[PDB]
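Just so it is clear, none of the values below were taken in a lab; they were calculated from the coordinates. Neighbour counts are summed over all protein chains in view; Cβ atoms, including those assigned to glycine, are modelled from backbone coordinates with ideal geometry.
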Amino acid sequence: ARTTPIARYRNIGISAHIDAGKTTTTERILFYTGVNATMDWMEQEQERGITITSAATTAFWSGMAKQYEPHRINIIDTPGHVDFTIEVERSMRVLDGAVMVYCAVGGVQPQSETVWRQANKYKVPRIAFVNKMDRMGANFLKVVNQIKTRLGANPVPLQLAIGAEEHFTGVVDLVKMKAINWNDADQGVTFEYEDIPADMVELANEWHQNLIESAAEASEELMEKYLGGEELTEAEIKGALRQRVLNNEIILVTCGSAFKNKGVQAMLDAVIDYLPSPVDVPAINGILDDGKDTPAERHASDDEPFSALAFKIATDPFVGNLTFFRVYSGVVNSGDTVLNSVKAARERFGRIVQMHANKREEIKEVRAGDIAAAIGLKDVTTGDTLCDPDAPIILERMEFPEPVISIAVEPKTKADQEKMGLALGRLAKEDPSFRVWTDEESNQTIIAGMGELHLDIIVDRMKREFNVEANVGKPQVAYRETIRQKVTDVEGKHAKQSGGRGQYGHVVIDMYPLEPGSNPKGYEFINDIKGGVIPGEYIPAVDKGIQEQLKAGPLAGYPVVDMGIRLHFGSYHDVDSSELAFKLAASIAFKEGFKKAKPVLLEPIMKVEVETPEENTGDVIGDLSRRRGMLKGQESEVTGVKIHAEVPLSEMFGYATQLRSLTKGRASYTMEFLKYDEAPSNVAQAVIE
Amino acid sequence: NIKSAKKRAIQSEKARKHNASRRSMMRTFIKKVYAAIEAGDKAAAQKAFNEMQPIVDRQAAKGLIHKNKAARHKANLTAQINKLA
Amino acid sequence: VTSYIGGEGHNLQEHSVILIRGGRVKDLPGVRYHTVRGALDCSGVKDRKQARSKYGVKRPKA
Amino acid sequence: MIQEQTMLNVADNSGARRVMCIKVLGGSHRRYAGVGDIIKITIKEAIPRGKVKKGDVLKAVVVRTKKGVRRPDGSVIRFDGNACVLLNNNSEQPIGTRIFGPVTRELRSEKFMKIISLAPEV
RNA sequence: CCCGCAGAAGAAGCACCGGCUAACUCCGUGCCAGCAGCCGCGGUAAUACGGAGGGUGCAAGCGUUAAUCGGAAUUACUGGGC
RNA sequence: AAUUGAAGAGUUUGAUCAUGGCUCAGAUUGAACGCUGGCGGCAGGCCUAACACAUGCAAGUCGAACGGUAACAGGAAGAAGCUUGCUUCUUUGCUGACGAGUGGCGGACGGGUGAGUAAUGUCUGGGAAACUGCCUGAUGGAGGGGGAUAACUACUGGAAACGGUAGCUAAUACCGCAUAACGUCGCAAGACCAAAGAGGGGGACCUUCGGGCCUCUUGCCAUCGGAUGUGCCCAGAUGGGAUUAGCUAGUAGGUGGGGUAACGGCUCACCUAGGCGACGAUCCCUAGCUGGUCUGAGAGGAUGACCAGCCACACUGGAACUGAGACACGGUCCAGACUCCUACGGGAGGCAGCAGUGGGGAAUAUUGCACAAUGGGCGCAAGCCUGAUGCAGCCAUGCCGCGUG
Ligand SMILES: Nc1nc2c(ncn2[C@@H]2O[C@H](COP(=O)(O)OP(=O)(O)CP(=O)(O)O)[C@@H](O)[C@H]2O)c(=O)[nH]1
Ligand SMILES: [Mg+2]
Ligand SMILES: [Mg+2]
Ligand SMILES: [Mg+2]
Ligand SMILES: [Mg+2]
Ligand SMILES: [Mg+2]
Ligand SMILES: [Mg+2]
Ligand SMILES: [Mg+2]
Ligand SMILES: [Mg+2]
Ligand SMILES: [Mg+2]
Ligand SMILES: [Mg+2]
Ligand SMILES: [Mg+2]
Ligand SMILES: [Mg+2]
Ligand SMILES: [Mg+2]
Ligand SMILES: [Mg+2]
Ligand SMILES: [Mg+2]
């Protein structure tokens with residue numbers, strides 16, 4: 001129909017290291033915005049007391065001083081942790097601003113590093129909030145300095161703390177140069193906007209004067225007057241730094257103590273002050289359908305053709321499938337029939353809901369620059385584009401973190417087996433960073449996720465939401481078998497003088513080993529037969545014969561690999577010999593030859609590439625060695641150090657978990673199959689079926 | 001249940017209570033007549049019979065007994081009050 | 001019950017979800033059903049062109 | 001007073017019906033359980049539908065004992081029967097979702113709160 | 001529903017082609033890979049497998065499966081037998 | 001004129017004839033799946049879990065029955081910031097109207113479902129012992145009194161759902177009394193039974209100047225008819241099984257009390273010793289029936305979605321009350337299973353109404369629009385209510401046109 005505010009939209013996401021307060025502070029907002037509802041409402045996430053899934057609400061900030069024309073803010077509180085990073089890839093692709101939280105005590109810390117990289121990956125503007133200023137060991141400026149050093153970024157303290165830890169009373173707006181006083185009860189609200197105290201005047205008389213100079217560096221004519229010692233107006237500084245915040249060249253820092261209520265509020269102001277509108281933002285990239293590029297563009301316009309991206313999929317018990325989206329362009333009304341471009345199927349919008357702090361309010365229309373959940377949409381997975389069917393476009397689609405941990409699961413009670421297939425399937429489409437498949441060999445169900453905890457609460461989600469408990473183990477291994485010695489002329493024979501068809505077979509051969517040559521074969525059959533000792537028509541079966549035993553060798557089943565066999569001698573009856581008769585002799589020929597060929601158990605090795613900080617390339621190297629692993633290089637890739645190693649599969653299980661422990665959480669790795677090598681004796685004799 | 005035609009329930013309760021005491025009384029007079037019949041006291045029977053007739057007859061009109069019951073009662077009681085009394 | 005998997009090549013393994021069609025095989029006694037290619041986890045036949053409706057193979061982009 | 005052996009009536013749905021005590025938890029040589037202590041259980045009865053089944057082994061809170069309970073001043077509450085509520089072996093916490101018969105204010109623990117919210121008395 | 005306006009423009013698939021059964025060839029493959037309602041095709045010139053060209057049949061549907069009756073006078077009263 | 005319409009083929013053998021199974025060509029579908037997909041018209045759309053259900057809606061309506069004012073309007077037992085006949089505060093139920101309350105009618109219709117029911121039902125055909133709101137034809141009544149009560153008011157309890165004491169009030173609420181036949185009982189003589197008022201307008205005459213009074217429209221009581229609806233009785237027909245052959249104590253009949261609107265072991269006491277069954281009782285298994293639908297030349301077989309008739313059921317088991325009608329889908333009570341709210345003392349609820357979710361499944365739709373038409377509830381009416389209904393949304397599911405030249 002009409003709509004109301006528009007362009008005064010603030011799409012921000014809060015994210016940070018664990019604890020930090022990146023959810024306490026989110027609830028605090030809701031209180032202040034909501035003058036006149038915990039974001040950890042998952043059962044599992046209340047028991048454990050940690051954000052597991054990103055929680056979205058919207059609320060209206062009138063500005064703490066009454067100062068502002070009321071703005072509509074779309075907030076998204078996200079996980080700290082890792083394991084569920086996907087909940088930040090998405091929770092950062094889509095929205096416009098970002099409030100990076102930091103613990104007054106715990107500095108940057110490893111998972112601050114990760115969410116930072118993710119902000120850059122999507123070039124999202126940002127400010128900063130140093131929480132917990134009331135805690136033992138608090139040091140505002142230290143963290144400020146760390147943002148610069150540890151994240152190699154450009155911080156600009158937009159503020160200053162009034163004391164620290166148990167003596168933390170308020171803050172200094174070092175723009176309007178006053179020491180905001182939050183009071184006793186009413187938690188926040190009020191002010192008395194008090195002036196700087198005598199204590200901090202000298203420090204306060206900085207601003208980081210390279211604030212006004214970092215405001216200066218906005219535009220030269222904005223500093224030309226600064227050069228002439230012309231004190232710039234309060235209004236043109238806010239515009240200046242914002243200009244540069246909006247250009248990711250600078251990060252304003254704010255600080256506070258959500259627990260003590262002395263701070264959250266100034267930060268909200270700082271959101272509208274310096275964080276983007278949906279229009280102060282690059283229009284979207286993308287493609288056309290079959291055709292080619294052109295960025296879809298789609299300017300942030302109510303009067304453009306509708307286009308939105310689907311992030312995050314859920315299922316509420318009472319209203320069904322929820323499908324969250326960010327409308328970049330155009331508009332959808334309740335009943336419009338939009339297009340899923342990346343599936344080439346159309347969907348019909350029906351009900352629409354905005355999670356509204358503490359009430360699922362219903363809506364009939366959804367404009368650009370807003371987010372919401374569409375009820376009932378049939379086949380919409382995460383990353384899909386929902387555009388106008390007449391003006392069709394694929395959008396960029398964030399990235400899918402790709403799992404680091406794998407595990408075999410069996411359904412405890414044989415009945416549940418069916419139910420597992422279902423539930424693992426459901427949890428899969430919800431969470432693209434989780435994966436499930438069935439081992440093409442050794443048919444066991446295998447799940448894989450971004451970590452120990454990740455898998456934990458997946459499994460935990462099976463029990464809770466599908467009443468499927470299943471226990472867990474280390475995956476089985478696909479071993480192989482071969483021989484070591486080239487064995488000379490071994491004799492396989494048949495002779496069936498019984499009661500009907502004669503059936504006689506005689507074959508003499510050499511079973512010699514091979515090297516990992518020719519991709520398809522791994523098996524070489526030579527017809528070095530004499531003049532015609534065996535007719536060329538019974539020569540296809542002896543080959544076929546041998547083919548049969550290669551499927552599960554005599555050591556412990558398992559495929560037989562890298563084998564060569566030569567024909568030399570044989571014999572037949574002018575009739576009694578046969579298709580079968582030599583095929584069996586070959587079978588007998590394979591045995592005995594195999595017994596006498598010194599058989600050995602092969603195991604699969606991986607080409608392993610670890611990417612790690614320079615600080616502990618020793619520990620990692622060492623662990624690789626400890627895992628019976630072979631090393632082959634180190635590159636020294638820019639900032640980390642790519643470490644190359646060949647290490648056996650049956651030993652890399654749960655690698656991710658310890659690599660994490662060894663490297664403070666900063667260390668990718670990757671693997672794929674490389675070859676089959678001899679298993680150490682202790683291994684071999686153990687692998688016994 | 002949350003439909004104001006629940007006042008219907010509260011009304012019909014008043015109704016039962018009304019019908020309760022009247023139909024109680026009516027019966028206790030029909031009781032009295034048989035008391036004579038059983039006692040043998042031929043006079044007391046007509047005394048009460050003629051005492052209950054107005055009750056029973058009225059109650060048929062009031063519609064808490066409806067016609068032929070009132071008919072039947074005094075009908076066969078007549079047929080008994082003078083079978084020795 | 002046991003069911004045929006017609007067509008050249010297939011996926012299908014231990015925990016696949018499939019769709020049974022009914023239809024016997026005069027060569028496999030006790031096999032009295034077909035698997036319906038291209039429904040649920042059962043992929044269609046690779047590169048098949050004639051009779052793709054069976055074997056669940058979509059029209060090769062004309 | 002419950003002790004090993006001893007049949008309890010079960011005071012929830014869950015399907016248990018008649019349940020025997022196979023241990024009294026809470027100490028070496030602890031003799032009796034009562035009041036609202038916890039005990040290890042074996043299912044002797046069980047319903048056809050049932051959450052739990054015959055031969056299952058769980059825990060349970062004694063909620064009603066025929067020897068009863070004191071409270072200060074000196075009073076005494078006795079119940080005719082012996083009753084418990086089946087608890088999951090790992091997290092305590094009622095496995096049922098309804099309570100039957102009275103319970104006593106002693107059960108006013110953090111972890112037994114769910115019990116007294118259900119339950120139609122004391 | 002009527003009248004204006006632009007421009008062939010926005011709009012063709014599915015099954016089948018050894019006999020019953022309307023419609024035939026080459027090529028690949030070689031009792032393999034596979035087909036199959038029924039009989040039966042495949043072990044080197046395959047009109048039967050897979051592709052192609054060609055053809056027949058239906059057509060915004062076409063196939064397949066599931067299902068009832070028919071064909072079945074094969075529960076026979078009509079209308080069968082030992 | 002009008003149910004006037006019957007096709008065979010493949011396959012046993014070296015070959016043949018016969019027998020006989022299997023198989024195919026036809027039609028049909030509340031379908032599904034695979035590949036493909038332009039429109040429209042009319043129609044169809046949970047066949048499985050009668051499985052559980054968030055949320056909204058599906059039953060109201062009369063101030064022309066009554067006391068009434070909280071809100072909304074105008075008018076004000078009439079007034080300001082002054083903006084002197086345009087206002088927005090404060091008062092007045094005056095009038096329109098109307099929250100809550102008493103009362104009345106409806107909620108027993110409409111709509112859903114197929115669980116139960118092999119005959120407590122259904123179909124065809126008969127029958128005698130019954131009641132029947134609203135609508136109706138006819139005859140007369142409509143006199144005079146009486147005791148109460150919600151609301152309300154003063155205290156007072158709860159987290160809530162709900163209320164608790166005390167006091168007052170209206171009526172078409174309620175109860176006597178009078179009246180009392182073509183009514184009930186009775187052979188008769190005789191006994192005995194009811195009810196209510198409310199509105200619109202108005203000459204005089206009269207007035208506590210409220211009205212009386214006149215008139216007109218409605219409503220109330222009674223009885224006999226009518227109409228429609230329902231209850232009850234009998235006969236024949238309405239699946240499979242005998243690897244179910246015996247069944248039966250209120251059982252079968254009689255008498256007399258009681259009972260119901262009514263006939264009746266419907267009930268109770270006593271007395272007879274019966275009653276049913278191979279023309280299938282009993283007991284098991286399955287099932288809602290019919291009009292009809294599909295197939296078939298017919299006879300048959302198959303079937304009971306959509307439309308209409310009939311029955312049954314309303315979370316499960318059971319029960320009555322109110323009432324013309326229920327043993328009540330959106331009523332009450334009790335028990336159960338389950339779920340939900342709680343400030344832990346206690347409370348609440350039943351989508352097989354419409355839409356919608358979860359679940360099951362190969363599989364079946366939108367949390368749309370409007371009472372404008374038709375029709376139902378109340379109302380004098382205007383009107384209000386109406387998820388019946390009329391339309392629209394979704395799906396090639398079908399039938400029929402048409403196109404894609
Ligand atoms: N002492 C103190 N504690 C604080 C402050 N702010 C937050 N906390 C505490 O940090 C703890 C965790 O807060 P939380 O909001 O859950 O952080 P989080 O970002 O959601 C952790 P996750 O990464 O799982 O989402 C809480 O106990 C909270 O009280 C503070 O200002 N002072
Ligand atoms: Mg499903
Ligand atoms: Mg009655
Ligand atoms: Mg031909
Ligand atoms: Mg060839
Ligand atoms: Mg071919
Ligand atoms: Mg026939
Ligand atoms: Mg015969
Ligand atoms: Mg009213
Ligand atoms: Mg049934
Ligand atoms: Mg009288
Ligand atoms: Mg009698
Ligand atoms: Mg009698
Ligand atoms: Mg026949
Ligand atoms: Mg019932
Ligand atoms: Mg209901």
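Its Cα centre serving as origin, the protein assembly as shown has a Cβ charge dipole (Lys and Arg +1, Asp and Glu -1) of approximately 8920 debye. Counting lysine pairs in the stretch A:286-399 whose alpha carbons fall under 22 angstrom apart, excluding pairs fewer than 8 residues apart on the same chain, gives 7.
Take each peptide in D:14-23, A:92-101, C:19-28, count the other Cβ atoms within 10 Å of every residue, and average; sorted highest first, the result is A:92-101, D:14-23, C:19-28.
In summary, the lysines within cross-link reach of B:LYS17, defined as a Cα separation below 22 angstrom excluding same-chain residues under 8 places away, comprise B:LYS6, B:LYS7, B:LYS31, B:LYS62, B:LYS67, B:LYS69. I need the shape label for the stretch A:480-579. Rule: rounded when a/c is under 1.5, else prolate if a/b > b/c, else oblate, with a, b, c from the alpha carbon gyration tensor. Because a/c hits 1.5 or more and a/b exceeds b/c, the stretch A:480-579 counts as prolate.
If you take the Cα centroid of the stretch A:401-479 and the Cα centroid of the stretch A:526-582, the two points sit 44 Å apart. For GluC sites (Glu not before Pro), the sites in the stretch A:362-447 that DSSP calls loop and that have at most 13 other Cβ atoms within 10 Å are A:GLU440, A:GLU441. Charge dipole of chain D (Cα centre as origin; +1 on each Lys and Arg Cβ, -1 on each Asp and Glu Cβ, all else neutral): 220 debye, rounded to the nearest 20. Could you tell me which of B:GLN80, A:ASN139, A:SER571 has its Cα farthest along the dipole of the protein assembly as shown towards the positive end, charges placed at Cβ (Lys, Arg +1; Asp, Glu -1), taken about the Cα centre? Going by the Cα projections, it comes out as B:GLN80. Would you please classify the overall shape of the protein assembly as shown from the alpha carbon gyration tensor, given that a ≥ b ≥ c denote the square roots of the eigenvalues, rounded means a/c under 1.5, and beyond that prolate means a/b larger than b/c while oblate covers the rest? Verdict is oblate for the protein assembly as shown. Amide H contacts for A:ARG10 (H built 1.01 Å from N in the peptide plane; partners 5 or more residues away or on another chain; cut-off under 5 Å): A:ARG72, A:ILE73, A:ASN74. Working from Cα pairs under 8 Å separated by at least six residues, relative contact order for chain B is 26 percent. What does the C-alpha gyration tensor say about the overall shape of the stretch C:1-53? Classify as rounded when a/c is under 1.5, otherwise prolate if a/b is larger than b/c, or oblate. Judged from the Cα gyration tensor, the stretch C:1-53 comes out oblate (a/c at least 1.5, b/c at or above a/b). As a length-normalised measure over Cα pairs under 8 Å and 6 or more apart, the relative contact order of chain D settles at 23 percent.
With both labels modelled 7 Å from their Cα along Cα-to-Cβ, the A:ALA7 to C:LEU19 distance reads 5.2 nm.
Helix-only arithmetic for chain A: the sum of -39500 (n - 2.57) across DSSP H runs with n ≥ 4, divided by the residue total, places the mean residue ellipticity at 222 nm at -7000 deg cm²/dmol. Neighbours of A:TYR538 by Cβ distance under 9 Å: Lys/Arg scored +1, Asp/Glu scored -1, total -1. Peptide A:421-433 has a mean of 1 when you count, residue by residue, the C-beta atoms of other protein chains within 10 Å of its C-beta. Straight-line cross-link partners of A:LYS262 among the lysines, defined as a Cα under 23 Å from its Cα and at least 8 positions apart when in the same chain: A:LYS22, A:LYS66, A:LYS132, A:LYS142, A:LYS176, A:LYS178, A:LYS238. Scoring B:2-15, A:118-131, A:66-79 by mean Cβ neighbours within 10 Å over their residues and listing the highest first yields A:118-131, A:66-79, B:2-15. Taking a sphere under 15 Å around the Cβ of C:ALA62 and counting the other residues whose Cβ falls inside, with K and R at +1 and D and E at -1, yields a net charge of +4.
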